[PDB]
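Participant: Provided herewith is a single structure, encoded as structure tokens, for subsequent inquiry.
Positions of Cβ are generated from backbone atoms using ideal geometry, with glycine treated the same way; all protein chains shown enter the neighbour counts. Each value in this text was obtained by applying a stated rule to the coordinates, not by laboratory testing.
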Ligand SMILES: [Zn+2]
């Protein structure tokens, strides 16, 4: 959310909001410098070769094996100067998101979305799950474990493959049982995608469609919406998909977009989602929340040194908006639940963010990107918190001229065209 202090990648470690950390994952990775820009939210301006053991390096696949919509450069984000621009880029997008009524609400929901303390084998004991924390390095080289909700980190080998990922449990499906888990969003504020479009009326495309660029704040908001679903454990299994056409057959080929995506993008694309199935999930998650309420009600002990049981129960009471009856027993407030669920699944959408931002964006999640563009959003003369690329009092404020890649050509440097025309990428 709003970032109170101005961080520089150079600033010294203070073990509080600027430190070296290790991600709770697998091998003996070497620490990396990280910045806590808001309660529970961290930014690691490094390439992600930690979240997945199958991606320990930045070696690009052979050319013949590369997806049409992909971009590789083992060198991006490897110098302090890039990291510093990464950090300020991400921070500025958070402020742009936070600056809208919709984004302020989403970020508030994300910060209150502490992953549940369901890591004990004893059913009456609350204990944090290790993969929902990071190890902050102390002055004396020792590691101090800290809980967090979100981490913004650089992309893996393919630079434009953005996504929201998290560590799993050996038996619990944290993203789908109402528990939630720390979310790691692979993202870069240094590149954006170009698309075609041009809102017209009846008869006139002599010059062809305009060539525009996607505002990075929308691309980040998209990932954060996924994070919202997952922090609250109400994500939908990606194998659950819906066919999106006409003239096509099922089997889930031709065109079947996952339920998760259609709901995240929203707008005209959220009408292809089966209402009943949608209704079933809300009931299923409402129940998951009820189970959590009983777990809290039956809790007799807690693991950890600083936090007291009552303290944690209250943390979760605020998260899941539970009712605390006349006897102290927690219950799921149907009124408050419905609202929370609705907000998380249908108010927080890419479509709605596009409205608040007043930007041009693909109309249907089913649009095709044409190219990748190098950009630099840090300079206030290139991009602002309130206008993005369509700077006011310049010829960039009308007709999304700021997003137009021909007009505002000094703000977009093409790195590659996506040769085939047909498929997707995603998010
Ligand atoms: Zn998505």
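Participant: Among the listed residues 130, 73, identify the single one that is surrounded by fewer than 20 Cβ atoms within 10 Å (Cβ to Cβ), in contact (Cβ under 8 Å) with a residue 40 or more places away in the chain and either touching a helix residue (DSSP H, G or I) at 6+ places or on another chain (Cβ under 7 Å) or more than 30 Å from residue 308 (Cα to Cα) (or both). Spell out the reasoning first.
Facilitator: Details: 130 fails: either touching a helix residue (DSSP H, G or I) at 6+ places or on another chain (Cβ under 7 Å) or more than 30 Å from residue 308 (Cα to Cα) (or both).
Result: 73 is the single residue among 130, 73 that is surrounded by fewer than 20 Cβ atoms within 10 Å (Cβ to Cβ), in contact (Cβ under 8 Å) with a residue 40 or more places away in the chain and either touching a helix residue (DSSP H, G or I) at 6+ places or on another chain (Cβ under 7 Å) or more than 30 Å from residue 308 (Cα to Cα) (or both).
Participant: For residue 13, indicate whether it is assigned to a loop (DSSP other than H, G, I, E, B), touching a helix residue (DSSP H, G or I) at 6+ places or on another chain (Cβ under 7 Å) and closer than 24 Å to residue 146 by Cα.
Facilitator: Numbers: assigned to a loop (DSSP other than H, G, I, E, B): yes; touching a helix residue (DSSP H, G or I) at 6+ places or on another chain (Cβ under 7 Å): no; closer than 24 Å to residue 146 by Cα: yes.
No; evaluated as a whole, the condition is false for this residue.
Participant: Going through 189, 216 one at a time, which residue ends up being surrounded by 19 or more Cβ atoms within 10 Å (Cβ to Cβ), away from the ligand (no atom under 16 Å from the Cβ) and in contact (Cβ under 8 Å) with a residue 40 or more places away in the chain? It would help to see each step written out before you state the result.
Facilitator: Numbers: 216 fails: away from the ligand (no atom under 16 Å from the Cβ).
189 is the lone residue from the list that is surrounded by 19 or more Cβ atoms within 10 Å (Cβ to Cβ), away from the ligand (no atom under 16 Å from the Cβ) and in contact (Cβ under 8 Å) with a residue 40 or more places away in the chain.
Participant: So, in the stretch 263-274, of the ones that are in contact (Cβ under 8 Å) with a residue 60 or more places away in the chain and more than 10 Å from the ligand (Cβ to nearest atom), which residue ends up nearest to residue 345 (Cα to Cα)?
Facilitator: Here is the first cut: in the stretch 263-274, the ones in contact (Cβ under 8 Å) with a residue 60 or more places away in the chain are 263-270.
Among the residues that remain, those that are also more than 10 Å from the ligand (Cβ to nearest atom) are: 266-270.
Numbers: 266: 9, 267: 12, 268: 15, 269: 13, 270: 10 Å.
The residue in question is 266.
Participant: Also: Only one of these is in contact with a helix residue (DSSP H, G or I) (Cβ under 8 Å, 6 or more places away or on another chain), part of a loop (DSSP other than H, G, I, E, B) and within 30 Å of residue 294 (Cβ to Cβ): 114, 122. Name it. It would help to see each step written out before you state the result.
Facilitator: Working: 122 fails: in contact with a helix residue (DSSP H, G or I) (Cβ under 8 Å, 6 or more places away or on another chain).
Going through 114, 122 in turn, the sole match is 114.
Participant: Determine if the stretch 252-259 includes at least one residue that is free of Cβ contacts under 8 Å to residues at least 60 places away in the same chain, surrounded by fewer than 19 Cβ atoms within 10 Å (Cβ to Cβ) and under 28 Å from residue 373 (Cα atoms).
Facilitator: Step one: list which residues in the stretch 252-259 are free of Cβ contacts under 8 Å to residues at least 60 places away in the same chain, which gives 252-254, 256, 258-259.
Next, from what is left, pick out any that are surrounded by fewer than 19 Cβ atoms within 10 Å (Cβ to Cβ): 252-254, 256, 258.
Okay, now just the ones that are also under 28 Å from residue 373 (Cα atoms), so 258.
Yes: one or more hits.
Participant: Name the single residue that is farthest from the chain's Cα centre (by Cα) among those in the stretch 153-171 being surrounded by 22 or more Cβ atoms within 10 Å (Cβ to Cβ) and away from the ligand (no atom under 16 Å from the Cβ).
Facilitator: The selected residue is 159.
Participant: Which condition number does residue 260 fail, the rest of (1) part of a loop (DSSP other than H, G, I, E, B); (2) within 15 Å of the chain's Cα centre (by Cα); (3) within 15 Å of the ligand (Cβ to nearest atom) being met?
Facilitator: Result: residue 260 passes all but (1).
Participant: Give me the pairs, please: first residue somewhere in the stretch 162-176 and under 30 Å from residue 372 (Cα atoms), second residue anywhere and assigned to a loop (DSSP other than H, G, I, E, B) and within 16 Å of the ligand (Cβ to nearest atom), beta-carbon distance under 7 Å, and either six or more positions apart or on two chains.
Facilitator: Filtered contacts from the stretch 162-176: 162/155; 162/187; 162/427; 163/427; 166/175.
Here is a yes/no grid of residues against (1) under 25 Å from residue 149 (Cα atoms); (2) part of a loop (DSSP other than H, G, I, E, B):
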{"site": "193", "(1), (2)": "no, no"}
{"site": "207", "(1), (2)": "no, yes"}
{"site": "220", "(1), (2)": "yes, no"}
{"site": "223", "(1), (2)": "yes, no"}
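Participant: Which one of the conditions (1) touching a helix residue (DSSP H, G or I) at 6+ places or on another chain (Cβ under 8 Å); (2) surrounded by fewer than 12 Cβ atoms within 10 Å (Cβ to Cβ); (3) in a loop (DSSP other than H, G, I, E, B) does residue 318 fail to meet, given that it meets all the rest?
Facilitator: Against the list (1) touching a helix residue (DSSP H, G or I) at 6+ places or on another chain (Cβ under 8 Å); (2) surrounded by fewer than 12 Cβ atoms within 10 Å (Cβ to Cβ); (3) in a loop (DSSP other than H, G, I, E, B), residue 318 comes up short only on (3).
Participant: Further question on the same structure: Against the condition in contact (Cβ under 8 Å) with a residue 40 or more places away in the chain, closer than 30 Å to residue 121 by Cα and either touching a strand residue (DSSP E or B) at 6+ places or on another chain (Cβ under 8 Å) or away from the ligand (no atom under 16 Å from the Cβ) (or both), how does residue 292 come out, does it pass?
Facilitator: Details: in contact (Cβ under 8 Å) with a residue 40 or more places away in the chain: yes; closer than 30 Å to residue 121 by Cα: yes; either touching a strand residue (DSSP E or B) at 6+ places or on another chain (Cβ under 8 Å) or away from the ligand (no atom under 16 Å from the Cβ) (or both): yes.
So residue 292 fits the description; yes.
Participant: Given the conditions (1) in contact with a helix residue (DSSP H, G or I) (Cβ under 6 Å, 6 or more places away or on another chain); (2) more than 15 Å from the ligand (Cβ to nearest atom), and given that residue 222 satisfies all but one, which numbered condition is not satisfied?
Facilitator: The failed condition is (2).
Participant: Of the numbered conditions (1) crowded, with 19+ Cβ neighbours inside 10 Å; (2) away from the ligand (no atom under 16 Å from the Cβ); (3) assigned to a loop (DSSP other than H, G, I, E, B), residue 398 fails exactly one; give the number of that condition.
Facilitator: Exception for residue 398: condition (1).
Participant: Report yes if residue 224 is within 29 Å of residue 378 (Cβ to Cβ), in contact (Cβ under 8 Å) with a residue 24 or more places away in the chain and within 26 Å of the chain's Cα centre (by Cα), otherwise no. Full working, then the answer.
Facilitator: On the way: within 29 Å of residue 378 (Cβ to Cβ): yes; in contact (Cβ under 8 Å) with a residue 24 or more places away in the chain: yes; within 26 Å of the chain's Cα centre (by Cα): yes.
In short, yes.
Participant: Starting from the stretch 318-340, keep only residues that are in contact (Cβ under 8 Å) with a residue 12 or more places away in the chain, then list their pairs with residues that are loosely packed, with under 11 Cβ neighbours inside 10 Å whose Cβ atoms are within a distance under 7 Å, requiring at least 6 positions of separation or different chains.
Facilitator: Matching pairs, first to second residue: 331/325.
Participant: Kindly establish whether residue 227 is within 13 Å of the ligand (Cβ to nearest atom) and in a loop (DSSP other than H, G, I, E, B). Give the steps one after another, and end with the answer.
Facilitator: Working: within 13 Å of the ligand (Cβ to nearest atom): yes; in a loop (DSSP other than H, G, I, E, B): no.
Judged against the criteria, residue 227 is not a match.
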